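Chains as they are written, first to last, in the entry's author numbering: chain B, 470 to 604; chain A, 471 to 604; chain C, 3690 to 3745.
Just below is one structure, and these are the notes that go with it.
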């Protein structure tokens, strides 16, 4: 009567504990999974942080090698113009020497001949002056 | 019985309120857990993307170093060509110096004292003209 | 007619003096270029060796 009413209510209690205990276990297991994920999220954030810095510095290296190729291409072209310049220099020396060789070609063995003829005649005139001094 | 019945009624109301709060507990934790999983997935995909971007940045750096080597080889070849031409110029400048000094030896046409001989001949002809005069 | 050969030599010597001056310009430009190359090389080495001392 009341006796069976009490037994019904006692059961309803047992059932409500069973529900609440199951729920309690869900909750604290769910709290586990959330803390493990918080830690994982933290690890990932840190990897991304480090990796963004590696990216920044590798971008810097890349800008620097791009600049060096620009500058080294400048060097190559300058050396090319140096070579072209030096080759003109050699051509000019070689022209100068052609002219210097033609200058040398101008030579005269005929002027020594007049030299000796004139010399003897001056001293023949000296002979004549000595004989006219004698009187 | 009279008092025990009311004990059980209170315990019932309390445990039911407990279970309702615990249920909202759970459904909230499950939502938050899902949000954490999607953030986590999003970060993982990002980490792959950045690792790929890093590999391609490394390849870019490797390729740029090779290209600088190729230009360095070309530079060295040009440097040797400049050195060879500089030696060529040194030898030509010496030869041209030798030719210029030969010219100076030849250039010295002191033979132009032809005029000295001639002028002396007319001075001495003057002398014996005046002396035949006396 | 040797004076003609002389004015030809003078003309070519003017030209070669000009080429020497162009040459010394170009060499100043290579000295510039090499200073930028050293600057770039040292900037690269410093970034690397900063990361190196950091990782220790």
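A virtual CB, placed ideally from N, CA and C, is assigned to each residue, including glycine.
Item	Value
Does the beta-carbon of residue 565 of chain B have 16 or more other beta-carbons within 10 angstroms, so that it is buried, or is it exposed?	buried
Can you pull the chain C residues whose beta carbon is under 7 Å from the beta carbon of residue 520 of chain B, in chain order?	By Cβ distance, chain C contributes nothing, its closest Cβ being about 14 Å from residue 520 of chain B, past 7 Å.
Using a Cβ-Cβ cut-off of less than 8 Å, list which residues of the stretch 558 to 579 of chain B approach chain C; keep chain order.	558, 561, 562, 564, 565, 568, 569, 571, 572, 575
Kindly indicate the opening and closing residues of the alpha helix (DSSP H) around residue 584 of chain B.	580 to 603
What does the alpha-carbon distance come out to for the pair residue 570 of chain A and residue 557 of chain B?	21 Å
Write down the C-beta distance between residue 591 of chain A and residue 590 of chain B rounded to the nearest angstrom, noting that I regard them as a contact closer than 8 Å.	7 Å
Any Cβ of chain B within less than 7 Å of the Cβ of residue 3712 of chain C?	yes
For a contact defined as C-beta to C-beta under 9 Å, what are the partners of residue 515 of chain B on chain D?	Absent here is chain D; the protein component of the structure consists of chains B, A and C.
Determine whether the Cβ of residue 550 of chain B lies closer than 7 Å to any Cβ atom of chain A.	no
Tell me, please, whether the stretch 539 to 558 of chain B touches the stretch 3731 to 3739 of chain C by the rule of three or more beta-carbon pairs shorter than 8 Å.	no
What residues of chain B sit near residue 3708 of chain C, judged by a beta carbon separation below 8 Å?	554, 557, 558, 561
Rank B:572, B:555, B:593 by C-alpha distance to the C-alpha of residue 3710 of chain C and give the top, closest one.	B:555
With 7 Å set as the bound, which would you pick, yes or no: does the beta-carbon of residue 478 of chain A sit closer than that to a beta-carbon of chain B?	yes
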